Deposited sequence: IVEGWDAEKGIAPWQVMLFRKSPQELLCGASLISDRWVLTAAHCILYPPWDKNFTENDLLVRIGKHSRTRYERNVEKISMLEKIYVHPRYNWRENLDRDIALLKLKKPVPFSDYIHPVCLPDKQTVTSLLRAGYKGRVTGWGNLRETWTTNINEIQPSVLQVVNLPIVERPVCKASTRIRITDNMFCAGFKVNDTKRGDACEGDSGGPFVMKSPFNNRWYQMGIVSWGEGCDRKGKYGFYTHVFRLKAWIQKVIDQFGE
């Protein structure tokens, strides 16, 4: 997280850390959507280019961590979206992780809500701000001691497409401040897989609208972070959970 700030205790009880089982190493962020299912980006699991293709035995998750009570969980299984093809664009960058055993909830471990049609329709709109949290590099190039948080404005789709050469699909959206905004901020390396959440002004619940997917450089003005449109892929989530839950 670049140009962010320290998290308050319990401000994002759904935050999850994806670790490489010793050889220990923080690989990505993720989120708790229930006491047995964890959401993250597909590229955190499978990305040959960066030499990435882990199995349930290669990874580990830490939940309820505020500073660098909290639990460490093993993975039962990993499910990468079927139409995800790293050999291309990063479209449908999404993956589900099933915990070996359920994680009991607490003041620092609580699931985030998944969006419904009406929530997205009214909230995922240009200018509206969402929040990203993570233990990614504080500097584009170096890591934080306390979970970092940052609020980012959703960017107009035409503006997103014009900011990059990469084809932007309907399964993505971008966020970040404009070159002229006095404010800066963005997710970086290590924040990938992390949640982009919005708080509903209708029922005061926090919903996860996106998953940090990719960005050209960290906090490069004129450029924006891209996220996986979680709602558009909710059908698949439903399928996996019903089938392998």
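Sequence ranges 69 to 74, 148 to 154, 259 have no coordinates in this entry (deposited sequence, numbered from 1, C-alpha basis).
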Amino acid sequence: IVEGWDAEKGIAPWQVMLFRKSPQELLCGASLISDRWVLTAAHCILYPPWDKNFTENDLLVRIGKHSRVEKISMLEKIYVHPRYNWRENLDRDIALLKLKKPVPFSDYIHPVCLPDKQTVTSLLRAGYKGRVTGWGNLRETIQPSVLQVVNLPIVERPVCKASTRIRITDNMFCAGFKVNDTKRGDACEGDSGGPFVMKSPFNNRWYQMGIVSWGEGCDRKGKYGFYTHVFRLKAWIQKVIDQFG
From here on, numbers count along this sequence of modelled residues.
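As the entry records it, the average C-alpha temperature factor is higher for 233 to 241, out of 233 to 241 and 11 to 19. When 129 to 137 is weighed against 148 to 156, 129 to 137 comes out higher, by mean CA B-factor as recorded in the entry. Of the candidates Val120, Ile94, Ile142, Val112, the PDB record gives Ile142 the highest C-alpha temperature factor. Within the selection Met198, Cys218, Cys28, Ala42, the deposited Cα B-factor values reach their highest point at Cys218. For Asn57, the recorded CA B-factor ranks within the highest third of the chain. Only modelled residues enter the ranking.
Per the deposited record, the Cα B-factor of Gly190 falls in the highest third when ranked against the other modelled residues of its chain.
For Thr182, the recorded CA B-factor ranks within the highest third of the chain. Only modelled residues enter the ranking. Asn203 sits in the lowest third of its chain by CA B factor, as recorded in the PDB entry.
Looking at the C-alpha B-factors along this chain, the one for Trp50 belongs to the highest third.
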